[PDB]
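Heads up, the chain below is alone and in the form deposited in one PDB entry; it's given as structure tokens.
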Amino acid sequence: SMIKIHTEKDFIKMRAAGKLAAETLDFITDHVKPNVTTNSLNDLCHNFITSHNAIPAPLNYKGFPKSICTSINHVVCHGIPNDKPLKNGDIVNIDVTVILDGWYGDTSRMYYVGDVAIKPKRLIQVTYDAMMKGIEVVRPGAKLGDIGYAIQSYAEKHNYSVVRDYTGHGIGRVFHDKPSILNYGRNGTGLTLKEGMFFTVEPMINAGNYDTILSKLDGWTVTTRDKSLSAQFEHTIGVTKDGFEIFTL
């Protein structure tokens, strides 16, 4: 597979798209509360994005019917906004992608709905830290499998499981580009990271068993086979002379 190598001019564009994607996530926070629907949140983020001269990449992407993904509780990823009210104690991932001047910024976060219990809180914390362990190996000369190994080792040694079938990806003027960034792997295996690569790191971590099911009904929604909670965070990153840069802050 072909890995695109980027110039400084491209980093500039990615910083702007990343920032706008981050700010959308900052913006929606105060709106997440009990008895709000994910449809309301979708419209909020949709209008935030378009009023900043940008396009929501998920809208009609391979038919996806909405502008953001909202994944509640045992939903693992790509949950579709709907009319169901959020409940006190729920956890939700909101995943945004903006296209700004032709360049994609892709990021997701976990949100608490009302007062959340200790177990959900611990799951979210380990997920965030596992993501960061993956990002922290990134530098020219490190190997792609180093990323998945850091994530997997951290999650599993904290007593959680790693979702295998859905991955990070290259990104830039394209939403999903080469290579796949697996969230599991053996250390020191796979292609060599080079200065100027852009990609996402987006691990999904389950409280129960690692096994997931894709909805045949809507074709998008992934849930845990065992109905245990799952959490995810995502950043878009770039490889620099000194390691990594996170664009989605």
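Numbers for residues come from their place in the sequence shown, where the first is 1.
When the two stretches 117 to 125 and 69 to 77 are set side by side, the higher mean Cα temperature factor goes to 117 to 125. When the two stretches 183 to 191 and 45 to 53 are set side by side, the higher mean Cα temperature factor goes to 183 to 191.
Of the candidates 24, 236, 240, 232, the one whose C-alpha carries the top B factor in the deposited record is 240.
Of the candidates 60, 37, 215, 206, the deposited coordinates give 215 the top C-alpha B factor.
Per-chain ranking of the deposited C-alpha B factor places residue 159 in the highest third. Sorting the modelled residues of the chain by their CA temperature factor places residue 104 in the middle third. In this PDB entry, residue 172 carries a Cα temperature factor that places it within the middle third of its chain's modelled residues.
Among all modelled residues in this chain, the alpha-carbon of residue 166 has a temperature factor (C-alpha) in the highest third. Sort the modelled residues of the chain by CA B factor and residue 132 lands in the middle third.
Not pictured, yet referred to below: the form deposited with a small molecule bound.
Annotated contacts: 20, 103 and 245 are all free of the small molecule in the deposited complex [non-hydrogen atom within 4.5 angstroms]. At least one heavy atom of residue 220 is located within 4.5 Å of the small molecule in the deposited complex. Although the partner is absent here, residue 64 sits close enough that one of its heavy atoms falls within 4.5 Å of the small molecule in the deposited complex.
None of the heavy atoms of residue 112 is located within 4.5 Å of the small molecule in the deposited complex.
Contact between residue 146 and the small molecule in the deposited complex is not found at the 4.5 Å heavy atom cutoff. Stretch 167 to 175 is the answer when you ask which of 167 to 175, 121 to 129, 82 to 90, 138 to 146 has residues with heavy atoms within 4.5 Å of the small molecule in the deposited complex.
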